[PDB]
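**Student:** Below is one structure. I have some questions about it.
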Amino acid sequence: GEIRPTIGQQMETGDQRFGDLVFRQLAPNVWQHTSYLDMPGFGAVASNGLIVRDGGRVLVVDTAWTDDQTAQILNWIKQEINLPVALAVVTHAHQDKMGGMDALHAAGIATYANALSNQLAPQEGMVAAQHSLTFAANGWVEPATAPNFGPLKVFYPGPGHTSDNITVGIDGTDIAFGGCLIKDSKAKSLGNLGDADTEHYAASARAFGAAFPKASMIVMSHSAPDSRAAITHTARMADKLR
Ligand SMILES: CC1(C)S[C@H]([C@H](NC(=O)[C@H](N)c2ccccc2)C(=O)O)N[C@H]1C(=O)O
Ligand SMILES: [Zn+2]
Ligand SMILES: [Zn+2]
């Protein structure tokens with residue numbers, strides 16, 4: 001019964017299986033969602049996002065791979081937290097991060113992505129978010145484009161895994177989320193570099209670290225949460241691309 005991914009972390013102590021998904025509490029008001037894409041002849045690919053309780057509402061970072069899996073996330077939220085889901089931020093226009101947009105929209109959840117992610121979305125087979133985030137030259141989100149974001153601190157580190165990749169810190173916690181930009185401290189590969197900026201990747205990884213200097217728990221798309229060594233190692237792998 002247990003899902004054993006070909007890519008992505010395995011289930012460990014602290015993980016809750018719910019439907020086709022896995023959930024792990026990371027802090028009093030933060031959970032990691034994990035969903036799995038089954039590739040025939042290859043196996044499962046795990047992808048991770050976040051769920052944040054901020055006061056009386058829930059904020060989501062990234063969809064699951066599919067609409068149905070994303071609906072399962074909303075069902076888990078209903079059963080375990082039982083608060084309205086106010087908004088989602090999705091971290092670039094690829095299936096692991098935006099495959100479930102229709103499910104969010106059907107539920108009345110407001111969605112936000114980098115303007116560039118919304119521009120790329122149809123070209124990448126994704127439904128665009130309803131609202132566009134824009135960024136200063138230093139990478140920080142323009143505040144008026146991210147209204148009522150609670151503790152979420154949204155940072156565009158520069159082109160890396162993709163040109164549109166964004167990252168999210170959770171103020172008042174030890175957590176920062178690198179999405180697919182960051183790989184864990186023991187990874188041997190940066191994953192899919194097909195859409196990547198190999199010249200600028202290393203600087204973008206370092207910029208993420210410097211934007212969230214305090215965070216000790218680095219959450220990412222395809223590994224369990226790691227130390228800041230994930231940032232250092234990702235940057236060192238990326239140095240080799242130049
Ligand atoms: C885990 C991945 C190697 S695949 C994923 C993403 N790819 C997709 O979402 C594709 N739709 C896909 C196609 C076939 C099999 C799995 C995923 C990407 O290209 O960044 N993120 C990659 C990554 O984070 O390095
Ligand atoms: Zn991607
Ligand atoms: Zn990915």
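Going from the start of the chain as shown, residues are counted 1 onward.
Each residue, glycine too, has its Cβ placed from N, Cα and C.
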**Student:** Taking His33, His131, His161 as the options, which does Swiss-Prot list with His92, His94 at the Zn(2+) 1 site?
**Tutor:** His161
**Student:** Looking at the binding-site residues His92, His94, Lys183, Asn192, which has the shortest Cα distance to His222 (Zn(2+) 2 binding site)?
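**Tutor:** Result: the closest of the binding-site residues to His222 (Zn(2+) 2 binding site) is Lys183.
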**Student:** Would you list the other residues of this chain near Zn(2+) 1 - those whose C-beta lies within 8 angstroms of the C-beta centroid of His92, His94, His161 - in sequence order?
**Tutor:** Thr91, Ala93, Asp96, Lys97, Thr162, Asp164, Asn165, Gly179, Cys180, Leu181, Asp195
**Student:** Count, for each of the binding-site residues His94, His161, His222, the other C-beta atoms lying within 10 angstroms of its own C-beta, and report the residue with the smallest count.
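**Tutor:** The binding-site residues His94, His161, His222 were compared, and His222 has the fewest Cβ atoms within 10 Å.
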